[PDB]
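Presented below is the structure to which this report refers.
Protein chains in written order, with the entry's author numbering: chain A, 257 to 307; chain B, 250 to 256; chain C, 155 to 192; chain D, 461 to 510.
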């Protein structure tokens, strides 16, 4: 302990970006990411253009 | 039940 | 699904994002390590 | 102390209107600090870090 931690600090920060870079599936893909699972792609919307 | 804390 | 009217606009930058703050820091980052003391 | 502004319609009114734009870039010896993070509800609610 403090050796299993000091990467938990590193490991929780990468967990923050996977649920932030993809706001949809957020707070659930991190759950699946830890176990090595993936979300179904077709449900989510996506953006076409911005002006 | 205590902890030296990491900081 | 019950909305039936136009919605308000969306900000281009939140206050927290502007100052890169956080409402509640996590307890794991710079966190606590268990101590044995029986 | 009192300068009458004859050509303007109102002598005592603030005749001018100004808009300023000051931009300063200041290298500093200040330290600042790291940004914080947000609470995650997947670790405490599932015990990922068991």
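From the three backbone atoms N, C-alpha and C, an ideal C-beta is built for every residue, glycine too.
Within 9 Å, strictly: CB atoms of residue i and residue j
| i | j | result |
| --- | --- | --- |
| residue 532 of chain D | residue 177 of chain C | Outside the modelled stretch of chain D, which goes from 461 to 510, sits residue 532 of chain D, for which no answer is possible. |
| residue 481 of chain D | residue 473 of chain D | no |
| residue 251 of chain B | residue 189 of chain C | yes |
| residue 275 of chain A | residue 266 of chain A | no |
| residue 500 of chain D | residue 271 of chain A | yes |
| residue 502 of chain D | residue 287 of chain A | yes |
| residue 124 of chain C | residue 496 of chain D | Outside the shown range of chain C (155 to 192) lies residue 124 of chain C, about which nothing can therefore be said. |
| residue 479 of chain D | residue 468 of chain D | no |
Bridge-paired residues (DSSP) for residue i
| i | result |
| --- | --- |
| residue 252 of chain B | C/188 |
Nearest-angstrom beta carbon gap, residue j and residue i [assumed within contact, 8 Å]
| i | j | result |
| --- | --- | --- |
| residue 187 of chain C | residue 258 of chain A | 4 Å |
| residue 261 of chain A | residue 185 of chain C | 6 Å |
| residue 264 of chain A | residue 492 of chain D | That belief does not hold up - the Cβ atoms of residue 264 of chain A and residue 492 of chain D are roughly 25 Å apart, past 8 Å. |
Where residue i falls, given that 16 or more other Cβ within 10 Å makes a residue buried
| i | result |
| --- | --- |
| residue 161 of chain C | exposed |
| residue 477 of chain D | exposed |
| residue 483 of chain D | exposed |
| residue 256 of chain B | exposed |
| residue 505 of chain D | exposed |
| residue 168 of chain C | exposed |
Near the ligand PLP: residue i beta-carbon under 8 Å from a heavy atom
| i | result |
| --- | --- |
| residue 508 of chain D | As presented, the structure is devoid of all ligands, the ligand PLP included, so that no description of it is given. |
Practice prompt. Scan the segment 261 to 291 of chain A and note each continuous alpha helix (DSSP H) run of 4 residues or more that stays entirely inside, going in chain order.
Written response: Entirely contained in the segment 261 to 291 of chain A, the alpha helix (DSSP H) runs reaching 4 residues are, in chain order, 264 to 274, 285 to 291.
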